[PDB]
């Protein structure tokens, strides 16, 4: 009367292989201005800059020349992960009872 | 009378292979200005910039020349993942009882 | 009457292999202006800069020339992870009772 | 009547291999302006700079020339992790009762 | 009637291998302006600089020339981790009762 | 050829009496929130109170009981300028060439 | 050829009496929040109170009881400028060439 | 050819009496929060109180009881400028060539 | 050819009486928070109190009881400038060539 | 050809009486928080109190009881400038060529 999840009962020469959130050869990137943020009765004058900014309140003239490159952003690359023989195994099982 | 999920009962020479959220050779990217954000009675003057910005309140003249490139953004590439022989196995099982 | 998760009962010559959040050959990157932040009755004049900024309140003239490159951002690369033979195994099991 | 998680009962010649948050050949990077921050009735004039900044309150002229490169950001690379034979094993088990 | 987690009961010639947060060949980097910070009724004029900054309150002229490179940021690289034969094993077990 | 205003020419035994804006026994009152006011590019949060006020921005409960009198206003009284004989003369003239 | 204002020419035994803005027995009152005020690019949080005020920004409860009198205002009284005989004369003239 | 104002020419036994802004028995009062004020690029948090005030920014409870009188204001009284005989003369003239 | 103001020419036995801004028996009062004030690029947190004030920024409870009188204001009284005979003369002239 | 102001030419037995800003029996009062004040690029936290004040920044409880009288203000009284006979003369002239 066995209540089981992700397992095995009875049997003979049994193999159990379980992988949860198993990351192999992965690339992750994240850029977040706000995450898990809570404001309760708050007066905030905020300002986040990713690149080139020219900020003023009172001015007469205001120029912003960009002769070059402004490269901003979130990038993740998995260009190659497996080459030739071999393998990347997750939760792999076997029972070879040969002769 | 076994209540089981993602498993195996009885049998003989049994193999159980379970993979959940198993990421293999993956590329992930994320750019988020706000995630999981809560405002309760809050007065916020905010401002997020990803690139080139020219901000002012009172001005007479205001120019923004971009002679070059402004590359912004979220990119994820999986250009190659497997080359030649081999494999990327997740939750793979077998029972070869040959002779 | 065994209640079990991610395991194995009874059997004979059993193998249990479990991997949770097992990271192998992974690249992670994260850039976050705010994470897990709580404001309760707070008046904040904040300002985060990632790149080139020219900030003023009262001015007459205001220039910002960028002749070169401004490279900002979150990057993660898994260019190669496996070469040739071998493997990257997570939660892998076997029972070979041959002769 | 055994209640067990990530294990094994009964059996014979059993192997248990469990890996949790096992990081192998991984690269991690993180740049965060705020993490786990709590403001309760606080008046803060803050300012974080990652790059080149020109800050003023009262000015007449204000220039910011960038002839070169401003490279900012969070980067993580796993360029190679396995070469040739061998393996990176996590939670791997076996029972070979041959002759 | 054994209640056990990450283990093994009964059996014969049993092997238990458990790895938790076991870091092998990993590179970690982190740059955080604030972590675990609590403000309670505090008035703070703060300012963190990572790079080149030119800060003033009252000025007439204000220049900031960057002819060279300003490299800022959080980087972590796992360029190679395994070469040739061998292995990096975590929570690995076996029972070979051969002849 | 005399050009004259408020006067007298030629004649004989002449009397000239001129009164301009001559105020006698007068009561003047004035209450003005603004007079001769010029706003040029101005952001003003202003507030003038003449009496009883209860001002708040964020509240839960807000009561204002006035059990008594709130007397506000501009008043001016000329009650008894002349009594009995006499006079209040402005620009009064005479020529009595009797015997 | 005399050009004259508020005067007298030629004549004989002439009398000239001129009164300009001549105030006699007058009461003046003035209450002005602003007079001759110029704002040029100004950000002002102002607040003038004449009486009883209860000002707050963040509150839970806020009461203002006025059991008595709040008398505010601009008042001016000219009650008894002249009594009995006599006079209040302004710009008064005469020529009595009797015998 | 005489150009004259507020005067007298030619004549014989002439009398000139001129009164400008001549104040006699007058009461003046003035209450002004601002007069002849110039703001040029100014950020002012100001606050003028004439009476009873209760000012706060962050509070829980806030009461203001006025059991008595709050008398504020601008008052001016000219009650009995002249009594009995006599006079208040301004710019008064005469020529009595009798016998 | 005489150009004259507030005077007399030619004539014979002439009298000139001129009064400018001549104040006699006058009461003046003035209460001004600002007069002839110039702000040029100034950040001022100011606060003028005429009476009873209770000022705070952060509080829990805040009471202001006024059981008595709060008398504020600008007052001016001209109550009995002249009594009986006599006079208050300004710019008064005469020529009595009798016998 | 005489150009004259507030005077007399030609004539015979002439009298000139001139009074400018001649104050006789006058009461003057003035209360001014600011007069002839110039702010140029100045950051001032100022505060003027005329009466009873209770000032705090951070508090828990804050009471201000006024059981008595708070008399503030600008007052000026001209109550009995002239009594009986006599006079208050300003710029008074005469020519009595009798016999």
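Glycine is treated like the rest: Cβ placed from N, Cα and C.
According to Swiss-Prot, the feature N-acetylmethionine maps to D:1, an assignment based on experimental evidence. Counting only residues at least six positions away in the same chain, no Cβ atom sits under 8 Å from the Cβ of residue D:1 (N-acetylmethionine).
Proximity of residue D:2 (Cu cation binding site) to non-local residues of its own chain (separation of 6 or more, Cβ distance below 8 Å) is seen for D:9, given in sequence order. The Cu cation binding site annotation in Swiss-Prot covers D:2, D:50.
Cβ atoms under 8 Å from those of the repeat '1' (D:20-30) belong to residues 74-78, 81-82, 88, 90-91 of the same chain, restricted to positions at least 6 beyond its ends. Annotation comment: Swiss-Prot describes D:20-30 as repeat '1'.
Annotated region '4 X 11 AA tandem repeats of [EGS]-K-T-K-[EQ]-[GQ]-V-X(4)' per Swiss-Prot: D:20-67, in sequence order. In the region '4 X 11 AA tandem repeats of [EGS]-K-T-K-[EQ]-[GQ]-V-X(4)' (D:20-67), the DSSP tally of helix, strand and coil residues is 0 helix, 31 strand, 17 coil.
Taken from Swiss-Prot, the feature repeat '2' applies to D:31-41. Cβ atoms under 8 Å from those of the repeat '2' (D:31-41) belong to residues 48, 50, 73-74 of the same chain, restricted to positions at least 6 beyond its ends.
Taken from Swiss-Prot, the feature repeat '3' applies to D:42-56.
Sequence annotations record features per position, and here Swiss-Prot assigns repeat '4' to D:57-67.
Long-range Cβ neighbours of residue D:87 (phosphoserine) (same chain, at least 6 residues apart, Cβ-Cβ under 8 Å): none. The feature phosphoserine is assigned by Swiss-Prot to D:87, with experimental evidence given as support.
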Near the repeat '3' (D:42-56), which residues from the same chain, at least 6 beyond its ends, have a CB less than 8 A from one of its CBs?
31, 33, 62-64, 66, 70, 72
Does residue D:50 (Cu cation binding site) have same-chain partners at least 6 apart in sequence with Cβ under 8 Å from its own Cβ, and which are they?
D:31, D:72
In three-state terms from DSSP, label residue D:2 (Cu cation binding site) for me.
coil
